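Q: So that we are looking at the same thing, I have put the structure below in structure tokens.
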Amino acid sequence: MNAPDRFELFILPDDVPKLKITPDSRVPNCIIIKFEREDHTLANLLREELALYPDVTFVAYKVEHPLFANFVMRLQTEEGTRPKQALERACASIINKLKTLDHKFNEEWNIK
Amino acid sequence: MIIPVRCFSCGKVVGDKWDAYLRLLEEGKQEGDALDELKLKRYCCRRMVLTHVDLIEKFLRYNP
Amino acid sequence: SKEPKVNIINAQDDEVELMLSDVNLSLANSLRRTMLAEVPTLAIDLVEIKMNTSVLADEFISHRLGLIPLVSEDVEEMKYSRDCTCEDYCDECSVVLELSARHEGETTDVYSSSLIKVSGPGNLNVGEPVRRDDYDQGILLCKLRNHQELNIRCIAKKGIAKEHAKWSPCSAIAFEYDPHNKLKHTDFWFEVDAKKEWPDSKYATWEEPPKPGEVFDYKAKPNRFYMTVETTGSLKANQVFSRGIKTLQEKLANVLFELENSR
Amino acid sequence: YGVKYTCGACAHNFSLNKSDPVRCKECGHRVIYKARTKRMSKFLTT
Ligand SMILES: [Zn+2]
Ligand SMILES: [Zn+2]
Ligand SMILES: [Zn+2]
């Protein structure tokens, strides 16, 4: 009756970006990234793999409001080091970890 | 009112287990065990059939 | 071998118990829900009822069929009819099925086996009423009396558990870690003795007890996780893990693509 | 071929209009349902 159409939790509508990055004035070298159409599934995963990279000085996230499947992530790192890269790497590291996993899950499997 | 495809609680199918159940009753005289063997472990999927009230039977005795 | 490691446990056709070690909890949980909610499947979405003398109403039946598990082997090579440049739907983007059931023998039953697959498969095992039943006719839809008819026509589509529950192939998933509360990420309730009043979990048999003389290890983090992935059929439990890893990747892909588009 | 109303008892497809009585081709029983549509109906599983 008043509930949106289910498929609005992942499909982006007419000109709208998945990612929105804003600079932080509060402190030097900091940003707040607005993620569209997402949740804890992908969020918490990025947050985690950042406290592994001892080059990240800060990494938190939050859900503005539960009705809308979105979330803001605020990250702050050391001097002259762009977070995006550490995000790429650790994200790639996930894929590598997963590439390995996949493989390691295939050989393991085969022995049945 | 007929059996519920997939259990609300967890999701596991439960459509097939109907005829199977009503038989393991009539003859083999089981409950707990029948279920256990039907592969219905945890109470979540479990409660669905054992709590199902097949109304459809009386309805079917109706004309159109 | 090295960094992350897999350790499959007892696995069958409708389950895959297993141990995932050398990984952060964060990522286990992440993967957890991805199977539960974001794995492509295939369920009926549009129903063009032609005749129905059943005691059940139209949309009552429509619901039922939505949950029934269909094949999804080559499910990955299809597009949503909405994205398909064909007005509405077609073989190149949808799968149509028929169903007619007339009551003649003055209680006639309607099992899922009576469904044909009139539309074009694009030549790939998929869109088939997954039967694992011994005889060949899983999930008895309904019964009917004397002169009651029933003519349907189903159309199936892709979709995921997010869009609707009628999709997800998971259906319950076990998850536990550190059965003997050593990391103390919990404070057990009790009246006198915790150990005796609190049931030992069947997973407690794969790890050594605490052992008192040892002080509290603190720098330790949640490593090794005992799971279990139940399946309903449609996709082999293994793919139901791979595709997840992959869908997650596909997401992770655009996460890297969209990224560039912001550079 | 073709049908308008049916009877609660002698399920016989009828068809009528004003003053042409309100009974059936046998059974007096003046019930009568107004039979399905031709254009198939599409439903949602929600
Ligand atoms: Zn259940
Ligand atoms: Zn289409
Ligand atoms: Zn009559």
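Residue names in the structure tokens use chain letters A, B, ... in the order shown, residue numbers from 1 in each chain, and ligand numbers from 1 in the order shown.
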Can you pull out the residues contacting residue 40 of chain B? Cut-off 12 Å, using only C-alpha atoms, and skip same-chain residues under 3 positions away; I want them as a PDB file with N, CA and C atoms, in the first residue's frame.

A:
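out-v8.pdb, written as the output of this step:
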ATOM      1  N   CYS B   7       9.238 -23.724   4.799  1.00  0.00           N
ATOM      2  CA  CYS B   7       8.899 -23.337   6.156  1.00  0.00           C
ATOM      3  C   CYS B   7       9.163 -21.854   6.373  1.00  0.00           C
ATOM      4  N   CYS B  10      12.802 -21.086   8.712  1.00  0.00           N
ATOM      5  CA  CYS B  10      14.098 -21.233   8.041  1.00  0.00           C
ATOM      6  C   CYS B  10      14.081 -21.210   6.514  1.00  0.00           C
ATOM      7  N   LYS B  12      13.393 -24.124   4.492  1.00  0.00           N
ATOM      8  CA  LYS B  12      13.418 -25.497   3.976  1.00  0.00           C
ATOM      9  C   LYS B  12      12.074 -26.001   3.446  1.00  0.00           C
ATOM     10  N   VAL B  13      12.104 -26.621   2.265  1.00  0.00           N
ATOM     11  CA  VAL B  13      10.919 -27.184   1.610  1.00  0.00           C
ATOM     12  C   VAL B  13      10.190 -28.111   2.583  1.00  0.00           C
ATOM     13  N   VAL B  14       8.897 -28.355   2.352  1.00  0.00           N
ATOM     14  CA  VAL B  14       8.097 -29.228   3.225  1.00  0.00           C
ATOM     15  C   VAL B  14       6.822 -29.664   2.482  1.00  0.00           C
ATOM     16  N   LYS B  17       6.894 -33.935   2.027  1.00  0.00           N
ATOM     17  CA  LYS B  17       6.704 -34.671   3.285  1.00  0.00           C
ATOM     18  C   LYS B  17       5.265 -34.948   3.736  1.00  0.00           C
ATOM     19  N   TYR B  21       4.282 -38.482   5.646  1.00  0.00           N
ATOM     20  CA  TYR B  21       3.931 -38.339   7.052  1.00  0.00           C
ATOM     21  C   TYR B  21       2.643 -39.092   7.373  1.00  0.00           C
ATOM     22  N   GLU B  31       5.619 -40.602  15.661  1.00  0.00           N
ATOM     23  CA  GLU B  31       5.690 -39.182  15.340  1.00  0.00           C
ATOM     24  C   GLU B  31       7.161 -38.807  15.306  1.00  0.00           C
ATOM     25  N   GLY B  32       7.666 -38.372  16.461  1.00  0.00           N
ATOM     26  CA  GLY B  32       9.052 -37.970  16.648  1.00  0.00           C
ATOM     27  C   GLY B  32      10.060 -38.571  15.692  1.00  0.00           C
ATOM     28  N   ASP B  33      10.029 -39.901  15.638  1.00  0.00           N
ATOM     29  CA  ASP B  33      10.919 -40.686  14.794  1.00  0.00           C
ATOM     30  C   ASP B  33      10.696 -40.481  13.303  1.00  0.00           C
ATOM     31  N   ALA B  34       9.432 -40.582  12.882  1.00  0.00           N
ATOM     32  CA  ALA B  34       9.053 -40.397  11.486  1.00  0.00           C
ATOM     33  C   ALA B  34       9.730 -39.139  10.985  1.00  0.00           C
ATOM     34  N   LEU B  35       9.393 -38.042  11.656  1.00  0.00           N
ATOM     35  CA  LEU B  35       9.925 -36.719  11.374  1.00  0.00           C
ATOM     36  C   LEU B  35      11.445 -36.787  11.254  1.00  0.00           C
ATOM     37  N   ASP B  36      12.084 -37.260  12.326  1.00  0.00           N
ATOM     38  CA  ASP B  36      13.537 -37.414  12.396  1.00  0.00           C
ATOM     39  C   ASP B  36      14.084 -38.064  11.127  1.00  0.00           C
ATOM     40  N   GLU B  37      13.381 -39.100  10.674  1.00  0.00           N
ATOM     41  CA  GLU B  37      13.758 -39.838   9.477  1.00  0.00           C
ATOM     42  C   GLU B  37      13.396 -39.056   8.219  1.00  0.00           C
ATOM     43  N   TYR B  43      13.378 -27.785  15.395  1.00  0.00           N
ATOM     44  CA  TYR B  43      11.975 -27.372  15.582  1.00  0.00           C
ATOM     45  C   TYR B  43      11.399 -26.328  14.619  1.00  0.00           C
ATOM     46  N   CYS B  44      12.269 -25.491  14.065  1.00  0.00           N
ATOM     47  CA  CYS B  44      11.852 -24.428  13.158  1.00  0.00           C
ATOM     48  C   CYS B  44      11.059 -24.867  11.918  1.00  0.00           C
ATOM     49  N   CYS B  45      11.587 -25.823  11.160  1.00  0.00           N
ATOM     50  CA  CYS B  45      10.901 -26.361   9.984  1.00  0.00           C
ATOM     51  C   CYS B  45       9.851 -27.366  10.449  1.00  0.00           C
ATOM     52  N   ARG B  46      10.202 -28.038  11.537  1.00  0.00           N
ATOM     53  CA  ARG B  46       9.406 -29.052  12.222  1.00  0.00           C
ATOM     54  C   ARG B  46       7.948 -28.694  12.501  1.00  0.00           C
ATOM     55  N   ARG B  47       7.749 -27.632  13.275  1.00  0.00           N
ATOM     56  CA  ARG B  47       6.420 -27.164  13.669  1.00  0.00           C
ATOM     57  C   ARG B  47       5.439 -26.983  12.508  1.00  0.00           C
ATOM     58  N   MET B  48       5.913 -26.670  11.307  1.00  0.00           N
ATOM     59  CA  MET B  48       5.016 -26.461  10.161  1.00  0.00           C
ATOM     60  C   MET B  48       4.004 -27.587   9.918  1.00  0.00           C
ATOM     61  N   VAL B  49       4.458 -28.812   9.666  1.00  0.00           N
ATOM     62  CA  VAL B  49       3.519 -29.904   9.401  1.00  0.00           C
ATOM     63  C   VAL B  49       2.747 -30.305  10.656  1.00  0.00           C
ATOM     64  N   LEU B  50       3.465 -30.609  11.732  1.00  0.00           N
ATOM     65  CA  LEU B  50       2.856 -31.019  12.999  1.00  0.00           C
ATOM     66  C   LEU B  50       1.851 -29.993  13.562  1.00  0.00           C
TER      67      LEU B  50
END

Q: Which neighbours of residue 43 of chain D fall inside 7 Å, counting only C-alpha atoms, when residues of the same chain fewer than 4 positions from it are skipped, and could you give them as number ranges by chain?

A: C: 46-48, 59, 62

Q: If we count only C-alpha atoms and set the cut-off at 8 Å, which residues sit around residue 53 of chain A, ignoring sequence neighbours fewer than 4 positions away in its own chain? Please answer as a list in words.

A: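 Listing them by chain and then by number gives residues 49, 86 and 90 of chain A.
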
Q: Dump C-alpha atoms for the selected residues as a PDB file, in the first residue's frame?

A:
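Once written, out.pdb looks like this:
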ATOM      1  CA  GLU A  49      39.916  -5.293   6.131  1.00  0.00           C
ATOM      2  CA  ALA A  86      44.145   0.927   0.514  1.00  0.00           C
ATOM      3  CA  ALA A  90      42.377  -4.697   0.593  1.00  0.00           C
TER       4      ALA A  90
END

Q: Would you kindly return, as a list in words, each protein, DNA or RNA residue with an atom no farther than 6 Å from any atom of segment 72-76 of chain A, considering only C-alpha atoms and excluding same-chain residues fewer than 6 positions away?

A: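 Counting only the stated atoms, we get residues 30, 31, 32, 33, 34, 35, 57, 58, 59, 60, 61 and 62 of chain A.
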
Q: Which residues are near ligand 3 in this structure, taking near to mean any atom at most 7 Å from a ligand atom and counting only C-alpha atoms and all ligand atoms? Format them as a list in words.

A: residues 7, 8, 9, 10, 23, 24, 25, 26, 27, 28, 29 and 30 of chain D

Q: For the residues in the current selection, export N, CA, C and O atoms as a JSON list (two decimals), in the first residue's frame.

A:
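And here's selection-v8.json as it stands now:
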[["chain", "number", "residue", "atom", "x", "y", "z"],
["D", 7, "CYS", "N", -25.94, -22.69, -13.38],
["D", 7, "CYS", "CA", -26.87, -22.88, -12.27],
["D", 7, "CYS", "C", -26.29, -23.58, -11.05],
["D", 7, "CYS", "O", -25.47, -24.49, -11.19],
["D", 8, "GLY", "N", -26.71, -23.15, -9.87],
["D", 8, "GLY", "CA", -26.23, -23.71, -8.62],
["D", 8, "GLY", "C", -26.42, -25.22, -8.51],
["D", 8, "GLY", "O", -25.76, -25.88, -7.71],
["D", 9, "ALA", "N", -27.34, -25.76, -9.32],
["D", 9, "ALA", "CA", -27.63, -27.19, -9.29],
["D", 9, "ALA", "C", -27.43, -27.79, -10.68],
["D", 9, "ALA", "O", -26.45, -28.50, -10.91],
["D", 10, "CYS", "N", -28.35, -27.52, -11.60],
["D", 10, "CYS", "CA", -28.21, -28.04, -12.96],
["D", 10, "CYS", "C", -27.21, -27.12, -13.64],
["D", 10, "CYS", "O", -27.60, -26.28, -14.46],
["D", 23, "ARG", "N", -34.97, -17.76, -13.82],
["D", 23, "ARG", "CA", -34.85, -19.14, -13.38],
["D", 23, "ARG", "C", -33.78, -19.85, -14.21],
["D", 23, "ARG", "O", -32.86, -19.21, -14.72],
["D", 24, "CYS", "N", -33.91, -21.17, -14.36],
["D", 24, "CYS", "CA", -32.94, -21.93, -15.14],
["D", 24, "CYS", "C", -33.57, -23.00, -16.02],
["D", 24, "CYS", "O", -34.72, -23.39, -15.83],
["D", 25, "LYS", "N", -32.79, -23.47, -17.00],
["D", 25, "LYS", "CA", -33.23, -24.50, -17.94],
["D", 25, "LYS", "C", -33.51, -25.85, -17.29],
["D", 25, "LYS", "O", -33.06, -26.88, -17.79],
["D", 26, "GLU", "N", -34.31, -25.81, -16.21],
["D", 26, "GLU", "CA", -34.76, -26.94, -15.38],
["D", 26, "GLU", "C", -34.97, -26.39, -13.97],
["D", 26, "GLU", "O", -35.99, -25.75, -13.72],
["D", 27, "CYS", "N", -34.04, -26.70, -13.07],
["D", 27, "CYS", "CA", -34.07, -26.25, -11.68],
["D", 27, "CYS", "C", -34.63, -24.84, -11.53],
["D", 27, "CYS", "O", -34.10, -23.89, -12.10],
["D", 28, "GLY", "N", -35.71, -24.72, -10.77],
["D", 28, "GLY", "CA", -36.34, -23.43, -10.52],
["D", 28, "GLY", "C", -35.32, -22.55, -9.83],
["D", 28, "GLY", "O", -35.24, -21.36, -10.12],
["D", 29, "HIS", "N", -34.58, -23.15, -8.90],
["D", 29, "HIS", "CA", -33.54, -22.50, -8.10],
["D", 29, "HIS", "C", -32.86, -21.32, -8.80],
["D", 29, "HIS", "O", -31.93, -21.49, -9.59],
["D", 30, "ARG", "N", -33.36, -20.13, -8.49],
["D", 30, "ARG", "CA", -32.94, -18.87, -9.08],
["D", 30, "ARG", "C", -31.61, -18.30, -8.60],
["D", 30, "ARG", "O", -31.53, -17.12, -8.25]]

Q: For a test of reading the model, state the distance in Å between atom CA of residue 89 of chain C and atom CA of residue 157 of chain C, rounded to one decimal.

A: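 Atom CA of residue 157 of chain C lies at a distance of 9.6 Å from atom CA of residue 89 of chain C.
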
Q: Given a cut-off of 8 Å, which residues of chain A touch chain C, counting only C-alpha atoms, written out as a ChimeraX atom specification?

A: /A:6-7,18-19,40-42,44-45,48,88,91,95,97-98,100-102,104-105,108-109

Q: Go through the chains and note each residue within 12 Å of ligand 2, using only C-alpha atoms and all ligand atoms, then give the set as a PyMOL selection string.

A: chain C and resi 78-96+155-158

Q: May I have the residues from that selection written out with N, CA and C atoms, as a CSV table (one decimal), in the first residue's frame?

A:
chain,number,residue,atom,x,y,z
C,78,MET,N,21.5,-15.5,-18.2
C,78,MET,CA,20.2,-14.9,-18.7
C,78,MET,C,20.0,-13.5,-18.2
C,79,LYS,N,19.2,-12.7,-18.8
C,79,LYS,CA,18.9,-11.3,-18.5
C,79,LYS,C,17.4,-11.1,-18.1
C,80,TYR,N,17.2,-10.1,-17.2
C,80,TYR,CA,15.8,-9.8,-16.8
C,80,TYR,C,15.0,-9.2,-18.0
C,81,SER,N,13.9,-9.8,-18.3
C,81,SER,CA,13.0,-9.4,-19.4
C,81,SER,C,12.8,-7.9,-19.4
C,82,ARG,N,13.0,-7.2,-18.3
C,82,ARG,CA,12.9,-5.8,-18.2
C,82,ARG,C,14.1,-5.1,-18.8
C,83,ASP,N,15.2,-5.8,-18.9
C,83,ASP,CA,16.4,-5.3,-19.4
C,83,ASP,C,16.5,-5.8,-20.9
C,84,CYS,N,15.8,-6.9,-21.2
C,84,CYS,CA,15.8,-7.5,-22.5
C,84,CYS,C,15.1,-6.5,-23.4
C,85,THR,N,15.7,-6.2,-24.5
C,85,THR,CA,15.1,-5.2,-25.4
C,85,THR,C,13.8,-5.6,-26.2
C,86,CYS,N,13.1,-6.6,-25.5
C,86,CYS,CA,11.9,-7.1,-26.1
C,86,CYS,C,10.8,-6.6,-25.2
C,87,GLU,N,9.7,-6.1,-25.8
C,87,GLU,CA,8.6,-5.5,-25.1
C,87,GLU,C,8.0,-6.6,-24.2
C,88,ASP,N,8.1,-6.5,-22.9
C,88,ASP,CA,7.6,-7.4,-21.9
C,88,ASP,C,8.5,-8.6,-21.5
C,89,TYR,N,8.4,-9.6,-22.4
C,89,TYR,CA,9.2,-10.8,-22.1
C,89,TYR,C,9.3,-11.7,-23.4
C,90,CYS,N,10.1,-12.7,-23.3
C,90,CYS,CA,10.3,-13.7,-24.4
C,90,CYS,C,11.2,-14.9,-24.1
C,91,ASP,N,11.3,-15.8,-25.0
C,91,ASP,CA,12.1,-17.0,-24.7
C,91,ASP,C,13.6,-16.6,-24.4
C,92,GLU,N,14.1,-15.6,-25.1
C,92,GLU,CA,15.4,-15.1,-24.9
C,92,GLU,C,15.6,-14.5,-23.5
C,93,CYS,N,14.5,-14.3,-22.8
C,93,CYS,CA,14.5,-13.7,-21.4
C,93,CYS,C,13.5,-14.2,-20.4
C,94,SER,N,12.6,-15.2,-20.8
C,94,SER,CA,11.6,-15.7,-19.8
C,94,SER,C,11.3,-17.2,-20.1
C,95,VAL,N,10.7,-17.9,-19.1
C,95,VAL,CA,10.4,-19.3,-19.4
C,95,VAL,C,9.0,-19.5,-19.0
C,96,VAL,N,8.2,-19.9,-20.0
C,96,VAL,CA,6.8,-20.1,-19.9
C,96,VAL,C,6.4,-21.6,-19.6
C,155,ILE,N,5.1,-18.2,-15.8
C,155,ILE,CA,6.2,-17.6,-16.4
C,155,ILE,C,7.2,-17.4,-15.3
C,156,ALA,N,8.4,-17.9,-15.5
C,156,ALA,CA,9.5,-17.8,-14.5
C,156,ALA,C,10.5,-16.7,-14.9
C,157,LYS,N,11.2,-16.2,-13.9
C,157,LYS,CA,12.2,-15.2,-14.1
C,157,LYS,C,13.3,-15.3,-13.1
C,158,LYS,N,14.4,-14.6,-13.3
C,158,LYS,CA,15.6,-14.6,-12.4
C,158,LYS,C,15.3,-14.2,-11.0

Q: When you count only C-alpha atoms, which of these residues is closest to residue 64 of chain A: A:38, A:107, A:8, A:14?

A: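 Closest candidate: A:38.
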
Q: Can you work out which residues from chain C touch chain B at a cut-off of 9 Å (counting only C-alpha atoms) and hand them back as a ChimeraX atom specification?

A: /C:53-56,64-65,67-69,107,133,137-148,165-166,168-173,230-232
